[PDB]
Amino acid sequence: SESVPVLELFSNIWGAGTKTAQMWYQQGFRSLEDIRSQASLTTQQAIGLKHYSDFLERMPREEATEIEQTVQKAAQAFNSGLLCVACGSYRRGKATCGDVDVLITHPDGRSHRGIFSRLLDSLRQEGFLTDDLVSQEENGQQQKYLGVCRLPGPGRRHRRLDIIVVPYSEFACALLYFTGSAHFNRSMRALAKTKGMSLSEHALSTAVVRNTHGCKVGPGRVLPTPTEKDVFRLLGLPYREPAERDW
């Protein structure tokens, strides 16, 4: 087939971008079968190709709830005080979700620890998590999992699921980042940059020092932000509910 469509075909593989798609085209690959049989694949790339059709589908919002609930009960078995809030497209109220991002924390700020591994293991035993892509357990106090899940029963597709465990100290900035949207987050951190601050999935800092070129040369001091709206306030912004946030 023509160049542009084939590049698009390859790019829709998880773990494959515009550079990988271009390289594969030079090798002479045109179809997904060519990639599956001849191309050197990353473990992640192998999974994305395996679930190519299912990953292209957006899911009904109801299914996202059904997934968030599946994770929630698995975690709450270990600790019933645990919080489980689905973010991303879901929290912003979209009728469809391309994936599910479940955020987890605990009010005491202690018992959230030691859940991440046990939770994933519990979900693997349940048959819920089917494949794993990336696991980053050295996010400072946060841990993030990138994997694939599938609800039980006939006629179920594989969905992409993100699970994140944060301390209650960072709960505000954690879901502020994960509900998005991406170009909402982009402009809040850009805004803080102007106000001499920095925003992140961990904290909103003030007093951040930047050089003449604006490169950050000193971190600021972390401002305690219990809720989302505390963050909105310190940035001199009118608050936006998540639905307002999609953009």
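A residue's number is simply how far along the shown sequence it sits, counting from 1. Rigid core (definition): largest C-alpha set, two forms, superposition within 1.5 Å.
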### Query
Is 218-226 or 49-57 the stretch whose C-alphas end up farther from this model in 4 other deposited structures of this protein after a rigid core fit?
218-226
### Message
Given a rigid core fit, name the stretch, 64-72 or 25-33, whose C-alphas are on average farther from the form shown here in 4 other deposited structures of this protein.
### Response
25-33
### Task
Output the stretch having the higher mean C-alpha B factor in the entry; the candidates are 154-162 and 137-145.
137-145
### Message
Mean Cα B factor from the PDB record: higher for 126-134, or higher for 79-87?
### Response
79-87
#### Entry: Out of 48, 196, 180, 28, residue topping the C-alpha B-factor column of the entry
196
### Message
Looking at 69, 42, 37, 53, which one carries the largest C-alpha B-factor according to the PDB entry?
### Response
69
### Query
Against its chain's modelled residues, does residue 100's Cα B factor rank lowest, middle or highest third?
lowest
### Message
Considering every modelled residue of the chain and its Cα B-factor in the PDB entry, is residue 246 in the lowest, middle or highest third?
### Response
middle
### Task
Place residue 222 in the lowest, middle or highest third of its chain's C-alpha B-factors, as listed in the PDB entry.
highest
### Query
What third of the chain, by the recorded C-alpha B-factor, contains residue 215?
highest
### Message
Looking at the temperature factor on the CA atom of residue 203, which third of the chain's modelled residues does it land in?
### Response
middle
